[PDB]
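Trainee: Below is one structure. I have some questions about it.
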Amino acid sequence: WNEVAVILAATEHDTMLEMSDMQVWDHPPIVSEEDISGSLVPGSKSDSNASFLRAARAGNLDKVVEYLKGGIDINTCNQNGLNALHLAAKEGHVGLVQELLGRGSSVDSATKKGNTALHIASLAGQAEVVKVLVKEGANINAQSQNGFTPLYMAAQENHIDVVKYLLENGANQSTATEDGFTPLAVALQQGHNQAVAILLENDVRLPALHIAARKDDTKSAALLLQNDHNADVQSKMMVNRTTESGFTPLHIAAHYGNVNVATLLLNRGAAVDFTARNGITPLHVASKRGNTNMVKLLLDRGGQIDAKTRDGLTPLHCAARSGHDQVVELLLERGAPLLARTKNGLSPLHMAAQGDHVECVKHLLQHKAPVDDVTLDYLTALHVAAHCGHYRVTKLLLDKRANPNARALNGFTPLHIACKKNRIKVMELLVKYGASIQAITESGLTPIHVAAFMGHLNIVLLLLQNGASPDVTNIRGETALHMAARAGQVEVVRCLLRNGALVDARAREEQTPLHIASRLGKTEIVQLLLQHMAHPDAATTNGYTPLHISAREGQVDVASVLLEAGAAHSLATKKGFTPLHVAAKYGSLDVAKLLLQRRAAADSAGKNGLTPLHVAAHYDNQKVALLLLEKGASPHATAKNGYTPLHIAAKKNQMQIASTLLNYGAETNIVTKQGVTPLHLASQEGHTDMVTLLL
């Protein structure tokens with residue numbers, strides 16, 4: 001059958017995803033001001049509209065009004081949609097803006113990017129242009145493209161007076177962008193304490209607190225937490241309110257190692273062990289990221305040193321997996337459970353070995369961890385270091401007296417595993433430290449079995465050069481050559497044959513590798529085995545030679561290489577069947593033709609007296625029966641039953657095959673030993689069209 005189920009990554013996947021969900025997702029956007037070209041190209045108003053816009057940017061109200069009287073539409077814009085009022089408002093020309101307003105320019109005209117004149121002036125920091133526009137009736141809460149407001153633009157660039165003015169005129173602090181950010185958010189993102197203090201001075205607060213947790217802004221964090229009261233329910237407090245990802249401010253500060261803002265939050269009542277997602281605590285985040293002092297503060301403030309995620313990761317697990325040997329040492333000195341286990345039984349040592357972190361293994365074994373502590377499937381840390389090909393941790397583990405022959409759950413030894421994953425470095429190292437070259441699993445696979453079946457040619461080479469006999473058998477009786485042929489690894493088969501492998505080794509059913517190569521159609525491997533003195537007439541227990549198998553499975557090319565190599569063309573099995581009988585049994589038509597072209601007897605007979613025509617008559621094989629009749633098979637031959645193939649076709653209701661038989665001169669008035677004719681069988685079985693077709 002299949003040997004793939006007989007021969008750990010899906011085990012690693014779950015805790016790997018639970019350590020992947022310890023990430024924090026996001027910065028507020030920054031506005032970029034518009035670009036101005038001034039080119040003439042923009043129907044005879046081209047050079048005039050263009051020179052007019054140039055005059056508006058340069059700030060010359062003389063040539064601008066003189067141009068306006070020359071009959072140029074005031075709502076004239078360039079490629080991007082910029083008005084004379086936009087160009088004037090960006091540059092602080094207060095007079096040009098006043099005259100442009102009186103001359104008839106619209107206040108709330110927006111470019112292609114949706115910025116009104118008030119937008120442009122706010123981002124640029126023209127306090128007086130803003131005063132003119134606000135007093136003239138401009139929409140102070142105008143949302144540009146993506147929803148930015150002038151208050152947002154001023155707060156982003158720390159234009160303080162613009163912010164004080166827009167707040168005095170009543171600008172909405174709450175109006176957020178398309179993704180949810182307010183002026184306070186970007187003011188915190190840029191590090192403008194002045195702005196932040198001003199916007200917080202009059203009347204939103206929570207996402208600002210999360211940004212302050214990322215930014216280590218203790219000033220703004222202390223400012224945001226003055227209206228929140230130390231209630232008896234920590235969940236209601238603003239210091240413990242979460243993002244959309246379930247993370248609290250303390251979780252975030254733990255992610256960025258921000259010790260100061262974390263101390264502030266904890267002093268304002270931030271709860272130290274609030275879980276997010278599948279049980280992730282701030283200790284888990286700080287530990288995964290290696291933030292040593294964050295871990296120190298969290299433990300000092302009553303953090304659970306042994307808290308488990310859903311699958312069982314403790315903070316020491318996370319720190320060990322990530323190679324944060326300082327957090328590992330701190331956690332260990334504070335008394336972390338050295339042998340806490342995940343749901344599949346992994347110790348922190350298994351994680352540290354899984355990430356090739358030598359220093360974490362050194363500190364873990366220093367604190368008396370058992371070097372051969374096993375998982376639930378009995379995988380030592382050396383097993384994991386071998387599965388990952390990590391050379392350094394394998395060297396250290398072996399140097400600290402880890403057993404290189406440790407048997408795993410299925411009998412697998414670190415050498416077996418390093419051989420299944422093609423780790424030449426780790427395999428050679430394990431052998432140096434005493435791994436048994438020819439140790440077997442519970443299913444009897446040596447390392448050369450595993451490497452040969454998996455096609456790792458260099459490993460097969462190294463094992464063969466180290467003294468691995470390729471003729472060790474598994475519980476199915478198969479040597480490395482059998483499985484190397486079952487999987488189709490041609491180069492490995494050549495390497496085994498060239499290095500003394502038995503060509504015709506017998507397994508269960510006394511079958512050689514040639515039988516398996518014929519069953520699976522491995523044509524090139526049939527060639528390779530035959531070339532190395534494989535007897536092509538080798539028979540199994542039921543009597544099949546490789547020719548019989550090609551006749552059963554329909555492999556025509558294999559039958560070709562076999563017959564050209566001298567395979568006996570009409571050999572008997574236990575039931576006395578020749579390859580032609582088998583071809584007539586399984587409908588292999590081409591193999592039957594190729595068989596007959598090679599001097600195969602058209603009507604060979606077994607112990608029972610049957611001919612391939614009888615067989616084809618039984619199994620309702622029309623084309624092969626026809627090919628036999630054409631090649632010279634008699635339809636009047638009998639068996640031990642006195643049966644012609646016409647009796648057989650008559651009993652089992654073979655309409656077409658009996659048609660071919662009668663058309664080829666099949667005797668109808670033929671009797672058996674017990675006085676039976678095909679009319680008696682045809683009538684007894686209950687076939688109408690049959691008995692009709694006889695007469």
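In the structure tokens, chains take the letters A, B, ... in the order shown, each chain's residues start at 1, and ligands count up from 1 in the order shown.
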Using only C-alpha atoms, determine which residues lie at most 9 Å from residue 87 in chain A, disregarding the query and same-chain residues fewer than 5 positions distant; provide the list as an MDAnalysis selection string.

Mentor: chainID A and resid 36 53:54 56:59 82 117 120

Trainee: Using only C-alpha atoms, which protein or nucleic acid residues come within 7 Å of range 631-635 of chain A? Drop anything in the same chain fewer than 4 positions from it, and give the result as a count of residues only.

Mentor: 7

Trainee: Just the residues within 10 Å of residue 272 in chain A, please, counting only C-alpha atoms, with nothing from its chain fewer than 3 positions along; format it as a list in words.

Mentor: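 Everything that qualifies: residues 240, 248, 250, 251, 262, 265, 266, 269, 275, 281, 282, 283, 297, 298, 299, 301, 302, 303 and 304 of chain A.
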
Trainee: Keeping only C-alpha atoms, write the selected residues to a file as a compact mmCIF listing (two decimals), in the first residue's frame.

Mentor:
```txt
# COMPACT_ATOMS: atom_id res chain seq x y z
CA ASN A 240 -7.62 49.57 30.52
CA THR A 248 -4.67 47.62 26.25
CA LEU A 250 -0.15 48.55 28.87
CA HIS A 251 0.06 45.83 26.17
CA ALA A 262 4.01 51.85 31.30
CA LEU A 265 -0.35 53.57 33.28
CA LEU A 266 0.27 51.10 36.12
CA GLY A 269 -4.59 51.76 37.76
CA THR A 275 -5.60 39.14 28.35
CA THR A 281 -0.85 39.17 28.60
CA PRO A 282 1.54 42.15 28.62
CA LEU A 283 4.13 39.83 30.10
CA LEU A 297 8.51 46.15 35.78
CA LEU A 298 5.66 43.79 34.96
CA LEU A 299 6.91 41.13 37.38
CA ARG A 301 3.93 44.94 39.63
CA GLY A 302 2.42 41.51 40.21
CA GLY A 303 2.55 40.04 36.73
CA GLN A 304 1.87 36.28 36.59
```

Trainee: So what do you get for CA of residue 468 in chain A versus CA of residue 401 in chain A, distance-wise?

Mentor: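 Atom-to-atom, CA of residue 468 in chain A and CA of residue 401 in chain A are spaced 24.8 Å apart.
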
Trainee: If we count only C-alpha atoms, what is near range 193-209 of chain A at a cut-off of 7 Å, once residues fewer than 5 positions away on the same chain are taken out, given as number ranges by chain?

Mentor: A: 155, 158, 160, 174, 184-185, 187-188, 220-221, 224

Trainee: Pick out the residues sitting within 12 Å of residue 134 in chain A, and hand them over as a PDB file with N, CA, C and O atoms, in the first residue's frame; count only C-alpha atoms, and ignore anything fewer than 4 positions along from it in its own chain.

Mentor:
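So selection37.pdb came out as:
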```pdb
ATOM      1  N   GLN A  98      -7.937  89.191  -0.039  1.00  0.00           N
ATOM      2  CA  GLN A  98      -9.091  90.057   0.189  1.00  0.00           C
ATOM      3  C   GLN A  98      -9.682  90.540  -1.131  1.00  0.00           C
ATOM      4  O   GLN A  98     -10.895  90.425  -1.370  1.00  0.00           O
ATOM      5  N   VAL A 107     -14.979  81.012  -1.696  1.00  0.00           N
ATOM      6  CA  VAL A 107     -14.154  80.642  -0.547  1.00  0.00           C
ATOM      7  C   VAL A 107     -13.922  79.137  -0.493  1.00  0.00           C
ATOM      8  O   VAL A 107     -12.786  78.669  -0.347  1.00  0.00           O
ATOM      9  N   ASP A 108     -14.987  78.354  -0.651  1.00  0.00           N
ATOM     10  CA  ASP A 108     -14.910  76.912  -0.456  1.00  0.00           C
ATOM     11  C   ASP A 108     -14.664  76.150  -1.743  1.00  0.00           C
ATOM     12  O   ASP A 108     -15.040  74.977  -1.842  1.00  0.00           O
ATOM     13  N   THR A 116      -9.794  73.261   0.398  1.00  0.00           N
ATOM     14  CA  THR A 116     -10.269  74.618   0.192  1.00  0.00           C
ATOM     15  C   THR A 116      -9.103  75.579   0.439  1.00  0.00           C
ATOM     16  O   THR A 116      -8.000  75.179   0.824  1.00  0.00           O
ATOM     17  N   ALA A 117      -9.350  76.877   0.273  1.00  0.00           N
ATOM     18  CA  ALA A 117      -8.289  77.835   0.550  1.00  0.00           C
ATOM     19  C   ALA A 117      -7.893  77.777   2.013  1.00  0.00           C
ATOM     20  O   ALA A 117      -6.705  77.879   2.348  1.00  0.00           O
ATOM     21  N   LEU A 118      -8.873  77.542   2.890  1.00  0.00           N
ATOM     22  CA  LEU A 118      -8.597  77.413   4.318  1.00  0.00           C
ATOM     23  C   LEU A 118      -7.718  76.207   4.631  1.00  0.00           C
ATOM     24  O   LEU A 118      -6.862  76.278   5.524  1.00  0.00           O
ATOM     25  N   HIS A 119      -7.881  75.116   3.880  1.00  0.00           N
ATOM     26  CA  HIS A 119      -6.987  73.972   4.010  1.00  0.00           C
ATOM     27  C   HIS A 119      -5.551  74.390   3.722  1.00  0.00           C
ATOM     28  O   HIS A 119      -4.662  74.243   4.572  1.00  0.00           O
ATOM     29  N   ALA A 121      -4.080  77.296   3.534  1.00  0.00           N
ATOM     30  CA  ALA A 121      -3.532  78.246   4.483  1.00  0.00           C
ATOM     31  C   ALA A 121      -3.220  77.599   5.825  1.00  0.00           C
ATOM     32  O   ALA A 121      -2.181  77.896   6.423  1.00  0.00           O
ATOM     33  N   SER A 122      -4.056  76.652   6.277  1.00  0.00           N
ATOM     34  CA  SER A 122      -3.807  76.014   7.574  1.00  0.00           C
ATOM     35  C   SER A 122      -2.550  75.157   7.545  1.00  0.00           C
ATOM     36  O   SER A 122      -1.692  75.264   8.429  1.00  0.00           O
ATOM     37  N   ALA A 127      -1.438  82.573   9.258  1.00  0.00           N
ATOM     38  CA  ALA A 127      -2.455  82.914  10.244  1.00  0.00           C
ATOM     39  C   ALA A 127      -3.416  83.975   9.719  1.00  0.00           C
ATOM     40  O   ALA A 127      -4.630  83.888   9.937  1.00  0.00           O
ATOM     41  N   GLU A 128      -2.893  84.964   8.987  1.00  0.00           N
ATOM     42  CA  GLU A 128      -3.711  86.079   8.520  1.00  0.00           C
ATOM     43  C   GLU A 128      -4.611  85.701   7.348  1.00  0.00           C
ATOM     44  O   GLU A 128      -5.757  86.170   7.269  1.00  0.00           O
ATOM     45  N   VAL A 129      -4.135  84.833   6.451  1.00  0.00           N
ATOM     46  CA  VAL A 129      -4.997  84.348   5.378  1.00  0.00           C
ATOM     47  C   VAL A 129      -6.148  83.544   5.955  1.00  0.00           C
ATOM     48  O   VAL A 129      -7.286  83.597   5.459  1.00  0.00           O
ATOM     49  N   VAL A 130      -5.853  82.764   6.997  1.00  0.00           N
ATOM     50  CA  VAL A 130      -6.875  82.005   7.708  1.00  0.00           C
ATOM     51  C   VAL A 130      -7.872  82.931   8.392  1.00  0.00           C
ATOM     52  O   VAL A 130      -9.084  82.700   8.338  1.00  0.00           O
ATOM     53  N   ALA A 138     -15.839  81.092   5.399  1.00  0.00           N
ATOM     54  CA  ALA A 138     -15.383  79.798   4.930  1.00  0.00           C
ATOM     55  C   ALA A 138     -15.785  78.705   5.908  1.00  0.00           C
ATOM     56  O   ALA A 138     -15.884  78.932   7.116  1.00  0.00           O
ATOM     57  N   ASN A 139     -16.059  77.516   5.365  1.00  0.00           N
ATOM     58  CA  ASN A 139     -16.414  76.357   6.183  1.00  0.00           C
ATOM     59  C   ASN A 139     -15.176  75.923   6.951  1.00  0.00           C
ATOM     60  O   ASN A 139     -14.204  75.439   6.359  1.00  0.00           O
ATOM     61  N   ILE A 140     -15.210  76.095   8.271  1.00  0.00           N
ATOM     62  CA  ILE A 140     -14.048  75.768   9.082  1.00  0.00           C
ATOM     63  C   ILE A 140     -13.880  74.262   9.294  1.00  0.00           C
ATOM     64  O   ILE A 140     -12.752  73.796   9.524  1.00  0.00           O
ATOM     65  N   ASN A 141     -14.953  73.477   9.170  1.00  0.00           N
ATOM     66  CA  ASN A 141     -14.875  72.026   9.288  1.00  0.00           C
ATOM     67  C   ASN A 141     -14.883  71.350   7.921  1.00  0.00           C
ATOM     68  O   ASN A 141     -15.404  70.237   7.771  1.00  0.00           O
ATOM     69  N   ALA A 142     -14.322  72.012   6.914  1.00  0.00           N
ATOM     70  CA  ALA A 142     -14.302  71.457   5.569  1.00  0.00           C
ATOM     71  C   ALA A 142     -13.411  70.228   5.558  1.00  0.00           C
ATOM     72  O   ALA A 142     -12.237  70.307   5.928  1.00  0.00           O
ATOM     73  N   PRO A 150      -9.104  71.447   8.334  1.00  0.00           N
ATOM     74  CA  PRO A 150      -8.063  72.457   8.596  1.00  0.00           C
ATOM     75  C   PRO A 150      -7.443  72.361   9.983  1.00  0.00           C
ATOM     76  O   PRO A 150      -6.232  72.568  10.138  1.00  0.00           O
ATOM     77  N   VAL A 162      -2.852  79.142  14.544  1.00  0.00           N
ATOM     78  CA  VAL A 162      -3.919  78.696  13.652  1.00  0.00           C
ATOM     79  C   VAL A 162      -4.864  77.782  14.411  1.00  0.00           C
ATOM     80  O   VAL A 162      -6.089  77.846  14.247  1.00  0.00           O
ATOM     81  N   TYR A 165      -6.954  79.744  16.906  1.00  0.00           N
ATOM     82  CA  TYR A 165      -7.957  80.526  16.191  1.00  0.00           C
ATOM     83  C   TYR A 165      -9.099  79.647  15.702  1.00  0.00           C
ATOM     84  O   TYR A 165     -10.277  79.996  15.863  1.00  0.00           O
ATOM     85  N   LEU A 166      -8.767  78.503  15.094  1.00  0.00           N
ATOM     86  CA  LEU A 166      -9.793  77.597  14.586  1.00  0.00           C
ATOM     87  C   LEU A 166     -10.616  77.005  15.722  1.00  0.00           C
ATOM     88  O   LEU A 166     -11.799  76.689  15.537  1.00  0.00           O
ATOM     89  N   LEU A 167      -9.996  76.803  16.883  1.00  0.00           N
ATOM     90  CA  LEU A 167     -10.747  76.339  18.042  1.00  0.00           C
ATOM     91  C   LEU A 167     -11.631  77.445  18.606  1.00  0.00           C
ATOM     92  O   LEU A 167     -12.744  77.180  19.081  1.00  0.00           O
ATOM     93  N   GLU A 168     -11.152  78.695  18.560  1.00  0.00           N
ATOM     94  CA  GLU A 168     -11.968  79.807  19.041  1.00  0.00           C
ATOM     95  C   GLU A 168     -13.197  80.005  18.160  1.00  0.00           C
ATOM     96  O   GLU A 168     -14.288  80.298  18.664  1.00  0.00           O
ATOM     97  N   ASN A 169     -13.055  79.789  16.849  1.00  0.00           N
ATOM     98  CA  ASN A 169     -14.181  79.947  15.941  1.00  0.00           C
ATOM     99  C   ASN A 169     -15.098  78.730  15.942  1.00  0.00           C
ATOM    100  O   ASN A 169     -16.146  78.756  15.288  1.00  0.00           O
ATOM    101  N   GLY A 170     -14.713  77.665  16.638  1.00  0.00           N
ATOM    102  CA  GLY A 170     -15.548  76.493  16.808  1.00  0.00           C
ATOM    103  C   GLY A 170     -15.288  75.390  15.808  1.00  0.00           C
ATOM    104  O   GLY A 170     -16.213  74.925  15.137  1.00  0.00           O
ATOM    105  N   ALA A 171     -14.049  74.925  15.724  1.00  0.00           N
ATOM    106  CA  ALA A 171     -13.744  73.808  14.850  1.00  0.00           C
ATOM    107  C   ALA A 171     -13.868  72.498  15.623  1.00  0.00           C
ATOM    108  O   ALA A 171     -13.479  72.409  16.792  1.00  0.00           O
TER     109      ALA A 171
END
```

Trainee: Per DSSP on the backbone, filter range 47-154 of chain A down to the residues in helix (DSSP H, G or I) and report them as a ChimeraX atom specification.

Mentor: /A:47-58,61-69,84-91,94-103,117-124,127-135,150-154

Trainee: Residues within 9 Å of residue 254 in chain A, please, as number ranges by chain. Count only C-alpha atoms; anything in the same chain fewer than 2 positions from it doesn't count.

Mentor: A: 213, 249-252, 256-259, 262, 282-287, 289, 291, 294-295, 298

Trainee: Skip residue 567 in chain A itself and residues of its chain fewer than 5 positions away, then list as a list in words all residues within 7 Å of it, counting only C-alpha atoms.

Mentor: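 Counting only C-alpha atoms, the residues come to residues 536, 537 and 562 of chain A.
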
Trainee: Restrict the selected residues to N, CA, C and O atoms and save them as a short mmCIF file (atom, residue, chain, number, x, y, z; two decimals), in the first residue's frame.

Mentor:
```
data_model
loop_
_atom_site.label_atom_id
_atom_site.label_comp_id
_atom_site.auth_asym_id
_atom_site.auth_seq_id
_atom_site.Cartn_x
_atom_site.Cartn_y
_atom_site.Cartn_z
N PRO A 536 14.85 -11.30 -14.95
CA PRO A 536 13.53 -10.77 -15.30
C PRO A 536 12.41 -11.78 -15.23
O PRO A 536 11.25 -11.42 -15.48
N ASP A 537 12.72 -13.03 -14.89
CA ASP A 537 11.70 -14.06 -14.73
C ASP A 537 11.45 -14.36 -13.26
O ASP A 537 10.78 -15.35 -12.96
N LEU A 562 11.10 -5.44 -20.81
CA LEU A 562 11.21 -6.78 -20.23
C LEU A 562 11.37 -7.85 -21.30
O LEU A 562 12.22 -8.75 -21.17
#
```

Trainee: Measuring atom to atom with only C-alpha atoms, identify which of A:584, A:419, A:490, A:186 is nearest to residue 456 in chain A.

Mentor: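 Of the candidates, the smallest distance to residue 456 in chain A is held by A:419.
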